[PDB]
Every structure is written in C-alpha cells, then in structure tokens.
Ligand SMILES: [Ca+2]
Ligand SMILES: [Ca+2]
C-alpha cells in the first residue's frame, strides 16, 4: 500500500491549479449528499491520492464542485446513463465507468458490466491508472 501511494504521489504531474486532497469531514459530506457509504479502501484512496494528476485517466475527486470529476456529478451522470446505483464510480473512461462495489471490488461498466475486475481500488490504481 505504502508502495503504490508513493508511486502515484511521486508521478504526480504539475498543473496550473493543483488539486486539493480532502479530509475525512469532506468525505462524510459527500457520502451524505449521495446517501451512500463509500467503501473503506475507496475512501482511503480519496484521502491519500485524489489530488494526483497522472496518465490518461482522471479519477473522481470531491474537493472541487465545479470539476468534471466531482463525485456527486459523476455519479448522477453514470447512474442516469445506466450504471447500477449500488456501484460508485471511481473513474470515467469515455462513456464507460470503473465503479466500486460495496465490498470494494472494482468493475468496468460498458455503456452492462464487463468480465474484467480488480480486487481493490489499489489494484486498479496500480494496474490501470499507473499503467495509463
Ligand atoms: Ca461480496
Ligand atoms: Ca465484490
């Protein structure tokens, strides 16, 4: 875990306006707004690397309501597009969405869910995000 986090943090790409990392209170606000419980490991991801910019994928964030990756807006768009309400998007990819199950499994929903999945958000970060 420490390994993957370090890899992402050190690979962070500079941008004009740096992204902000949320605190626990901010995550609670998002959960309440969506009336859902964010899986623990997913919450850990948001609290440790959601300020990171890297590769060709831009995962969800919770600190800038005007961002195209703002979780509440991404959820609304994904759920309206067909993503099961029980799945919380972690990263948009075109019209597809990498989403997280209540138990933490990451799935890929094709504009139904495909056959590929990742054991955790960290597996996804290491094997998909860091490989982009
Ligand atoms: Ca299960
Ligand atoms: Ca599962």
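Neighbour counts run over all protein chains shown; Cβ positions are idealised from the backbone, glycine included. The numbers here are math on the coordinates, done by the rules we state, and not lab data.
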In the range 1-27, which residues are loosely packed, with under 10 Cβ neighbours inside 10 Å, out of contact with any helix residue (DSSP H, G or I) (no Cβ under 9 Å at 6 or more places or on another chain) and more than 22 Å from residue 37 (Cα to Cα)? 2, 10, 13, 14, 15, 16, 17
Out of everything in the range 57-75 that is in contact with a strand residue (DSSP E or B) (Cβ under 9 Å, 6 or more places away or on another chain) and assigned to a loop (DSSP other than H, G, I, E, B), what residue ends up being nearest to residue 34 (Cα to Cα)? 62
Counting only residues that are away from ligand 1 (no atom under 13 Å from the Cβ) and assigned to a strand (DSSP E or B), how many does the range 110-124 have? 5
Across the range 77-109, what is the total count of residues that are more than 16 Å from ligand 1 (Cβ to nearest atom), assigned to a loop (DSSP other than H, G, I, E, B) and surrounded by fewer than 16 Cβ atoms within 10 Å (Cβ to Cβ)? 4
Among the residues of the range 110-132, what is the count of those that are surrounded by 12 or more Cβ atoms within 10 Å (Cβ to Cβ) and within 16 Å of ligand 2 (Cβ to nearest atom)? 9
Scan the range 55-74 and give yes if some residue there is closer than 14 Å to residue 128 by Cα and within 16 Å of ligand 2 (Cβ to nearest atom), otherwise no. no
For residue 36, only one of the following conditions fails: (1) touching a strand residue (DSSP E or B) at 6+ places or on another chain (Cβ under 7 Å); (2) within 27 Å of residue 7 (Cβ to Cβ). What is its number? (2)
